[PDB]
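Below: one structure, written as structure tokens.
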Amino acid sequence: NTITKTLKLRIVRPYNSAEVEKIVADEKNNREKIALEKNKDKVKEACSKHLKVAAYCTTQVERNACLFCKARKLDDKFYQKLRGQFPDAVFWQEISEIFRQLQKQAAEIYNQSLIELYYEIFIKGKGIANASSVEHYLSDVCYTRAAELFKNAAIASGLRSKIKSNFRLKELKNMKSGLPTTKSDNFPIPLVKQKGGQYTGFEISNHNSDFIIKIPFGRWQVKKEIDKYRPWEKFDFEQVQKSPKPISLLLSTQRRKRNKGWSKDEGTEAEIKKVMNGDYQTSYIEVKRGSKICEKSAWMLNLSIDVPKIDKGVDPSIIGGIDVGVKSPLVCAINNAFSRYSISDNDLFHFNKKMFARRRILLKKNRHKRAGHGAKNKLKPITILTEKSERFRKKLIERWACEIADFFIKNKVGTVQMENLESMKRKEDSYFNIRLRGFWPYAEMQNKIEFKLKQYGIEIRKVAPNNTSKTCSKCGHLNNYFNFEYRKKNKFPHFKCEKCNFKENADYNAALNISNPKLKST
Amino acid sequence: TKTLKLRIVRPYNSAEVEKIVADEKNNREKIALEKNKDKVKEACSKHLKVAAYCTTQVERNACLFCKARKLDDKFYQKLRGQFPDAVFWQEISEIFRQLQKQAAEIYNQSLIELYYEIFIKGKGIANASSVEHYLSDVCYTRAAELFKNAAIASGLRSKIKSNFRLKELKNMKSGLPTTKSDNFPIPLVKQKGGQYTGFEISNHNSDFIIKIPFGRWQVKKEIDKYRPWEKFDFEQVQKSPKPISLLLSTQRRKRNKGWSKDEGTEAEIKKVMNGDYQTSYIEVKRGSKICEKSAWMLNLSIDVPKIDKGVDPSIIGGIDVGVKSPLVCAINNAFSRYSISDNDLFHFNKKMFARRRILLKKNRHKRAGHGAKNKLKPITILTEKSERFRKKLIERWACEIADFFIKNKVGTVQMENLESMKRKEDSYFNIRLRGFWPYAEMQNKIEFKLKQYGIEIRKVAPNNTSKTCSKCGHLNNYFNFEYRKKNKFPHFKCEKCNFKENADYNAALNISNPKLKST
DNA sequence: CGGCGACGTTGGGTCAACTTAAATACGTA
DNA sequence: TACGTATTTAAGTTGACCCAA
RNA sequence: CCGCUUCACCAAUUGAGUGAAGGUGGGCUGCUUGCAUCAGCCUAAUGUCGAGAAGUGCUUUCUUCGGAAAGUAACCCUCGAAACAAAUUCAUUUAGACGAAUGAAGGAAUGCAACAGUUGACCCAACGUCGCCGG
DNA sequence: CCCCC
Ligand SMILES: [Zn+2]
Ligand SMILES: [Zn+2]
Ligand SMILES: [Zn+2]
Ligand SMILES: [Zn+2]
């Protein structure tokens, strides 16, 4: 009945108190008054918003070239004054050292507690374990070690949920996988705090149109003798019941207030307005690093969120279908309505070929290229393009999914059937393996279209894919001549029926056969 | 160490049982012949010559005779009733799967119990003596009492001792490598040194016979319901010996196509039987390639000493410029080319010409009042940095070329002469980069990097290369440069020899010929 | 530049699982 | 006793491949 | 210059061809992302280096199968290093110039389109060396 | 056993 999501927000700064933030806001307003009175007709770069409240000038500038906006920025002498004046305040050096230490010890506890679970279940408990015995062993092992290190209960139960997400019991009993280990460096901090029924969850306050989140935390004390092999470990984290000290964080919604739908009811901005209202409680929080934005890393925060379904006036008596192809990207059909949709944008397949070709050039003769300073340094140009290509892929798939969903909602289509495609991964074909496997995300496309349709109350039926491209959509003749080897050697032609003389596209015919409700779901 | 992987098509029973099986395939072929007096017309790929009366050919795979020549399960079942010692591919597939799952279980649980005893209950203070104590007191004894072979026990103990990396696990650079019990190999250590030749491998008609000593495998009197895969017992080696003989083939699929003979392992197996190359490690594992996942493949690991050759002056190499790549290397009697790629040069030049086109456009109005001198400040430095880039690129190319000639064991490289190198319309330079290249610095750094490694240079300077073929000295004069430009730079096709190869490589071959004297 | 066998790094496909719920110490109103 | 927030705890097996080029 | 875009042409979509115009033809920051534009900047960047010693390797010593110590630094060894703006401080030549730091706290666009994210497992592919076989 | 080059 509810659909789970995450919101990704950027941490502006740690929020501190109400008196220290009153001092910060008044120092910003004092600098604004100082620059608003010292620039007495000396400058004329008042920004369009700054003309209204107080300025006496003519022209409008881009808000980057304002001088009263520029003066509101606080320097480092004010923050060493505030660290001296309020020594119980919370600033970024403590916070970034805590967050990096949390990340590294959460990865270490994840590894050691999965190995300890494998011991207690399979070596000590002789393999005898149900699923509820895995629930007991998770809360008895992973929570207990994580709460023996971090005396938070939020981090310890978040690490229990992170180990629970990746511990598969019968796959490790039947030896169908290896035991999971982390090698990652940006491992999240998983941070559950319960939200059902009589609980609220993490206590998001909205002070002056801001996104303040509060993290229940202990009183950190710097280690006396810091270890020289592991110098990131320099805090102690007392118990949250003995001596609490909750880290509040301000989260970046200033850019999102300029976005086109913030005064709407459906986007990511309406979800953030609802979380700001006190609707849409969150029970899950992940803190990760972003990219190194000017030699100091950005920290992002993911708010898991449970969202209802939207009405849209959409009924399951109208049935649609989607044919996932590599030549033609995505073609949507309706069962009886003579309506049709066909993607025509830039393609993810051509983009994957281009990125693979460039990656082949850059890897092609590495031995003297940038040698001598490690594996990470050596493969630096490719990874910078891998982040950008993953972002471009994801945004292209999401734009295709919104075009598909806008088509299907415009025709009031309630059930979209799709192909099963659970057997494609097992294919022994050399061509598929070497030329089509890693460059054609059919299932990531399918999952994002299931997600986008599921947000609107549209059901998705995985429909068995046998003889779908060759059966005719008018009179279901099952043209057996229209095999894949004939679709190959005829250079992938239109569909021609043998007893109807029916002529439509090969990707639209299989879209209108996928749309048929008679086929058995799988 | 070299690991040579073979297939297993079937076990080798004995002389008499394999005689009965081969006579049964011949008798089924004879009965399928005499019941079909030209009913169907498949005729096999070549059985048409020996004994068939049928019209057209088939690929041997859609024939009628082979699907009768493929035996039936019940025949092997009545043979297993009639012969108690004959081993077949269903029973030994069960034994291989159960031994794979057992050894993977012992390996996984021994790594996790090592990690527990060392890093969790033992607070991270544990030398390798505690690892050797755990192995020889717990894991070797467990593997020597579950399956009583000392080969699989001392192979599992060695695979865990080598695969448990204490120095990399103490500092948490890595985690534990745990497997999937289909990718796990069954180790089977025996000695290499002197007395033990190792597993007593013999030969067949383009096949091999490996005689692993093993046990008797009485079936369990009551299968354990909660572990249903463990259905054998593995009685001891010295009490009831029953050595498995397997039949090993070199055939592999050409990416799921027909069987090609792999001669790269086959030569090494010939060196095994001839008396040298004593083997010491026979792993059994499932196949990893496509259309081989249900095939049991047998890796012979064999140890060779790290012995260099040096360079020998009989091998003669050559460097010549190309038209799509700046430098092509070649050896006369081998294939062995090494074409230096263009893309980093091309993209450096693309960015340098973009910076030139920009700094010569936004100087006419901005840089003004002081003359052209104000304009000239930026370019002098960009081209200086470009020359330093070209110098580092030429040093990288010299490193690549010298690594190529050391790996391919070349002792004397013959380069074209300097003025004959630069006066060339068949170069990548003078077509794209109009003149801007240090040929003298390039040749001096290639000469110095090669003379660092004890390789001579010769300066042969041919009269007319880039159209003379190598296999015959034809002087194919139809290679005009103006012909090459209009025909989109085509390959080298010999007229009388029909030798199809690259136009860069045969031109790199005519420099490497020793029949033309130094100049 | 093609195969074949190891080891190593990476990228990048599918797929699975998480984003729970009841009870209780410790403290306060 | 009502409420809040941080803390802890929930239990027991049961393969899989289907082939002698 | 373009293995850059568009238009016109020729030969048979490749030319890494002819002509005219235009443009980083590679990136960074602009407050979650993508594309285009805009302001500023870097660019030898598919580059060149710094510091180290946990590991692979290598040398020496030791009961020396195992393994440990010390060192060397080849490594697809570890960590890093270009790129918006206001502010602050110092040195040096004659208000200006250079070197140059300490750093986060909403100082930074416009338009269109979006905005579940993380962890792990399995598999395939590319590449690097290391050996064998063939034309 | 087809869905996809
Ligand atoms: Zn302003
Ligand atoms: Zn029809
Ligand atoms: Zn025959
Ligand atoms: Zn010839």
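Chains: A, B, ... in order of the structure tokens. Residues: from 1 per chain. Ligands: from 1, in order shown.
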
Contacts with ligand 3 at most 7 Å, only C-alpha atoms (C1' of nucleotides) and all ligand atoms counted, listed as a ChimeraX atom specification: /B:43-44,47,65-66

Selected residues written out, C-alpha atoms, as a PDB file, in the first residue's frame:
ATOM      1  CA  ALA B  43      25.426 -40.522 -44.034  1.00  0.00           C
ATOM      2  CA  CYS B  44      27.688 -38.812 -41.398  1.00  0.00           C
ATOM      3  CA  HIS B  47      31.230 -42.516 -42.554  1.00  0.00           C
ATOM      4  CA  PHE B  65      23.843 -43.272 -36.375  1.00  0.00           C
ATOM      5  CA  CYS B  66      25.301 -41.116 -33.581  1.00  0.00           C
TER       6      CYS B  66
END

Selection: 10 Å around range 124-128 of chain B, only C-alpha atoms (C1' of nucleotides), excl. self and same-chain fewer than 3 positions, as a PyMOL selection string: (chain B and resi 115-121+131-134+161+165-167+169-171) or (chain E and resi 66-68)

12 Å shell around ligand 1 using only C-alpha atoms (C1' of nucleotides) and all ligand atoms, listed as a PyMOL selection string: (chain A and resi 32-33+35-36+44-55+57+60-73) or (chain E and resi 107-108)

Selection as an MDAnalysis selection string: residues within 12 Å of ligand 4 by only C-alpha atoms (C1' of nucleotides) and all ligand atoms: chainID B and resid 467:476 492:501 506

Within 6 Å of chain B, which residues of chain A come that close, and what is the closest atom pair and distance in Å for each? Count only C-alpha atoms and give it as CSV.
residue,atom,partner,partner_atom,distance
A:175,CA,B:180,CA,5.4
A:176,CA,B:180,CA,5.2
A:177,CA,B:180,CA,5.1
A:178,CA,B:178,CA,4.8
A:181,CA,B:175,CA,5.8
A:428,CA,B:290,CA,5.8

Residue subset to file, keeping N, CA, C and O atoms, as a PDB file, in the first residue's frame:
ATOM      1  N   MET A 175      25.860 -23.409   0.160  1.00  0.00           N
ATOM      2  CA  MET A 175      27.102 -22.870  -0.408  1.00  0.00           C
ATOM      3  C   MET A 175      26.911 -22.168  -1.752  1.00  0.00           C
ATOM      4  O   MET A 175      27.794 -22.204  -2.606  1.00  0.00           O
ATOM      5  N   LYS A 176      25.774 -21.506  -1.958  1.00  0.00           N
ATOM      6  CA  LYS A 176      25.505 -20.893  -3.254  1.00  0.00           C
ATOM      7  C   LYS A 176      26.113 -19.506  -3.383  1.00  0.00           C
ATOM      8  O   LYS A 176      25.927 -18.865  -4.423  1.00  0.00           O
ATOM      9  N   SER A 177      26.854 -19.046  -2.379  1.00  0.00           N
ATOM     10  CA  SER A 177      27.517 -17.753  -2.446  1.00  0.00           C
ATOM     11  C   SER A 177      28.643 -17.706  -1.428  1.00  0.00           C
ATOM     12  O   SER A 177      28.774 -18.579  -0.566  1.00  0.00           O
ATOM     13  N   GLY A 178      29.459 -16.665  -1.547  1.00  0.00           N
ATOM     14  CA  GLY A 178      30.507 -16.421  -0.588  1.00  0.00           C
ATOM     15  C   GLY A 178      29.997 -15.542   0.536  1.00  0.00           C
ATOM     16  O   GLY A 178      28.957 -14.898   0.407  1.00  0.00           O
ATOM     17  N   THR A 181      31.920  -9.458   2.300  1.00  0.00           N
ATOM     18  CA  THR A 181      32.892  -8.576   2.930  1.00  0.00           C
ATOM     19  C   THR A 181      32.882  -7.242   2.200  1.00  0.00           C
ATOM     20  O   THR A 181      32.655  -7.181   0.988  1.00  0.00           O
ATOM     21  N   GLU A 428      23.716 -18.933 -22.977  1.00  0.00           N
ATOM     22  CA  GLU A 428      25.038 -19.403 -23.369  1.00  0.00           C
ATOM     23  C   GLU A 428      25.546 -18.796 -24.672  1.00  0.00           C
ATOM     24  O   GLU A 428      26.616 -19.200 -25.142  1.00  0.00           O
TER      25      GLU A 428
END

Interface, chain E side, toward chain A (7 Å; only C-alpha atoms (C1' of nucleotides)) as a PyMOL selection string: chain E and resi 31-34+46+75-77+86-87+105-109+114-117+119-121+124-128

Selection above as a file: C-alpha atoms (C1' of nucleotides), as a PDB file, in the first residue's frame:
ATOM      1  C1'   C E  31      24.588  24.317  -3.004  1.00  0.00           C
ATOM      2  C1'   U E  32      20.838  16.210  -5.746  1.00  0.00           C
ATOM      3  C1'   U E  33      21.538  15.061 -11.128  1.00  0.00           C
ATOM      4  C1'   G E  34      21.523  15.237 -16.932  1.00  0.00           C
ATOM      5  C1'   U E  46      44.912   9.567 -21.970  1.00  0.00           C
ATOM      6  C1'   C E  75      54.471  -3.098  -8.693  1.00  0.00           C
ATOM      7  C1'   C E  76      46.989  -3.169 -11.762  1.00  0.00           C
ATOM      8  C1'   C E  77      51.757  -1.136  -4.024  1.00  0.00           C
ATOM      9  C1'   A E  86      34.436  37.798  -1.168  1.00  0.00           C
ATOM     10  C1'   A E  87      37.590  37.672   3.370  1.00  0.00           C
ATOM     11  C1'   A E 105      28.915  27.362   8.153  1.00  0.00           C
ATOM     12  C1'   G E 106      23.844  28.142   2.338  1.00  0.00           C
ATOM     13  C1'   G E 107      28.648  34.332  -1.088  1.00  0.00           C
ATOM     14  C1'   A E 108      27.265  32.005  -6.765  1.00  0.00           C
ATOM     15  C1'   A E 109      23.183  31.463 -12.649  1.00  0.00           C
ATOM     16  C1'   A E 114      13.860  14.416 -14.020  1.00  0.00           C
ATOM     17  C1'   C E 115      14.950  13.088  -8.851  1.00  0.00           C
ATOM     18  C1'   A E 116      14.539   5.507  -4.245  1.00  0.00           C
ATOM     19  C1'   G E 117      19.230   4.934  -2.447  1.00  0.00           C
ATOM     20  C1'   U E 119      25.193  -2.817   0.549  1.00  0.00           C
ATOM     21  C1'   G E 120      26.320  -7.571  -1.080  1.00  0.00           C
ATOM     22  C1'   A E 121      26.275 -11.972  -4.148  1.00  0.00           C
ATOM     23  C1'   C E 124      30.351 -11.600 -18.206  1.00  0.00           C
ATOM     24  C1'   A E 125      33.749  -8.275 -20.451  1.00  0.00           C
ATOM     25  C1'   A E 126      38.134  -5.094 -21.007  1.00  0.00           C
ATOM     26  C1'   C E 127      43.227  -4.666 -19.761  1.00  0.00           C
ATOM     27  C1'   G E 128      48.087  -5.678 -17.521  1.00  0.00           C
TER      28        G E 128
END

DSSP alpha helix (DSSP H) residues within range 245-417 of chain B, as JSON, numbers by chain: {"B": [263, 264, 265, 266, 267, 268, 269, 270, 271, 272, 273, 343, 344, 345, 346, 347, 348, 349, 350, 351, 352, 353, 354, 355, 356, 357, 358, 359, 372, 373, 374, 375, 379, 380, 381, 382, 383, 384, 385, 386, 387, 388, 389, 390, 391, 392, 393, 394, 395, 396, 397, 398, 399, 400, 401, 402, 403, 404, 405, 406, 407]}

Near-ligand residues for ligand 2, threshold 7 Å, only C-alpha atoms (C1' of nucleotides) and all ligand atoms, as number ranges by chain: A: 472, 474-477, 497-502

Selected residue of minimal separation from residue 25 in chain E among B:519, B:278, B:349, B:93, counting only C-alpha atoms (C1' of nucleotides):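 When distances to residue 25 in chain E are compared using only C-alpha atoms (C1' of nucleotides), the smallest one comes from B:349.
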